[PDB]
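Let me begin by presenting the structure, written as C-alpha cells, before commenting on it.
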Amino acid sequence: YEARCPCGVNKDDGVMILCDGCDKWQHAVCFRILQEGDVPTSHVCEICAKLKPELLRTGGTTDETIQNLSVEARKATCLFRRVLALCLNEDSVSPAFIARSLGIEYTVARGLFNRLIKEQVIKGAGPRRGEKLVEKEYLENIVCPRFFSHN
Ligand SMILES: [Zn+2]
Ligand SMILES: [Zn+2]
C-alpha cells in the first residue's frame, strides 16, 4: 500500500483514490474531488495521465486542471485544496494547526493560511493568538463551489 500524491505529502488523509495506472493512492481533494459521488469510476493520476494517455480514452478520468502544471504550481494548488477541506470540518485554524494536519512545513502552512484570508474563508480572531475563525456558511455555500464543482 502506497500513497503518492502531487501535494507532496505521501500519507493517507481523508478520502483516498486509487490510480488505475500505477496502483498508488492520492488524496481525492488534491484531484478536485470533495464529494464521494464525484470519485470517478476509473481515476488516473497526473503522472499516468501523461505517461499513458490511452487510460483517458478508455474510461479513465484525471484532474485536467493540474495535469500539466509545474511541480511547484501543482503542489500549491493541491495543498490549498487540502486546506479548504480541512476548514470544512473545523471552526478555526492557524498556521501551526494547518502544518500538523496536512503534514507540511510551517512556512508553507502560513502561505496557505494567508490565501484562506484572501479567499475570505477565515475572518475574525479565534480564541488563541494566531488563530482565525472559519466562515462556515460562506465556505460551504460559496467558496467551496468555486473550487470543487462538477456540473
Ligand atoms: Zn495530496
Ligand atoms: Zn498513476
Regarding segment 1-21, can at least one residue be identified that is among the aromatic types (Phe, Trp, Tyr), within 16 Å of ligand 2 (Cβ to nearest atom) and under 14 Å from the mean Cα position of the chain (by Cα)? no
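From the list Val93, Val83, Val44, which residue is within 11 Å of ligand 2 (Cβ to nearest atom), aliphatic (A, V, I, L, M) and touching a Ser or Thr at 6+ places or on another chain (Cβ under 9 Å)? Outline the logic, then answer.
Working: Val93 fails: within 11 Å of ligand 2 (Cβ to nearest atom); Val83 fails: within 11 Å of ligand 2 (Cβ to nearest atom).
Selected residue: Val44, the only one of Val93, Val83, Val44 that is within 11 Å of ligand 2 (Cβ to nearest atom), aliphatic (A, V, I, L, M) and touching a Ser or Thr at 6+ places or on another chain (Cβ under 9 Å).
Conditions (1) closer than 27 Å to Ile104 by Cα; (2) among the charged types (D, E, K, R), marked per residue:
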| position | (1), (2) |
| --- | --- |
| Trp25 | yes, no |
| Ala28 | yes, no |
| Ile33 | yes, no |
| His43 | yes, no |
| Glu46 | yes, yes |
| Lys50 | yes, yes |
| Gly59 | no, no |
| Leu69 | yes, no |
When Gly124 is evaluated against the numbered criteria (1) surrounded by 12 or more Cβ atoms within 10 Å (Cβ to Cβ); (2) at positive phi, which criterion, by number, is the only one it fails? (1)
Checking the condition surrounded by 14 or more Cβ atoms within 10 Å (Cβ to Cβ), touching a strand residue (DSSP E or B) at 6+ places or on another chain (Cβ under 6 Å), assigned to a helix (DSSP H, G or I) and of a type outside the set (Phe, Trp, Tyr), which residue from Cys5, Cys30, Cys78, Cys48 passes? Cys48
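Every residue, every condition in (1) under 19 Å from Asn151 (Cα atoms); (2) part of a loop (DSSP other than H, G, I, E, B); (3) within 11 Å of ligand 1 (Cβ to nearest atom), yes or no:
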| residue | (1), (2), (3) |
| --- | --- |
| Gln26 | no, no, yes |
| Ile66 | yes, yes, yes |
| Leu86 | no, no, no |
| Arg100 | no, no, no |
Of the residues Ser42, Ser94, only one is touching a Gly at 6+ places or on another chain (Cβ under 7 Å), surrounded by 12 or more Cβ atoms within 10 Å (Cβ to Cβ), within 21 Å of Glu2 (Cα to Cα) and not hydrophobic (A, V, I, L, M, F, W, C); which? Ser42
With the requirement that a residue be under 15 Å from the mean Cα position of the chain (by Cα) and not in a helix (DSSP H, G or I), what does segment 102-111 give you? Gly103, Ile104
Which pairs do you get when a residue that is farther than 13 Å from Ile47 by Cβ, found in segment 57-68, comes within reach of a residue that is assigned to a loop (DSSP other than H, G, I, E, B) and among the basic types (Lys, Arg), reach meaning Cβ atoms under 8 angstrom, with the pair 6+ apart or on two chains? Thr65/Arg32
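Values in this text are rule-based calculations from the coordinates and carry no lab data. Virtual Cβ from ideal backbone geometry, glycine too; neighbours counted across all protein chains shown.
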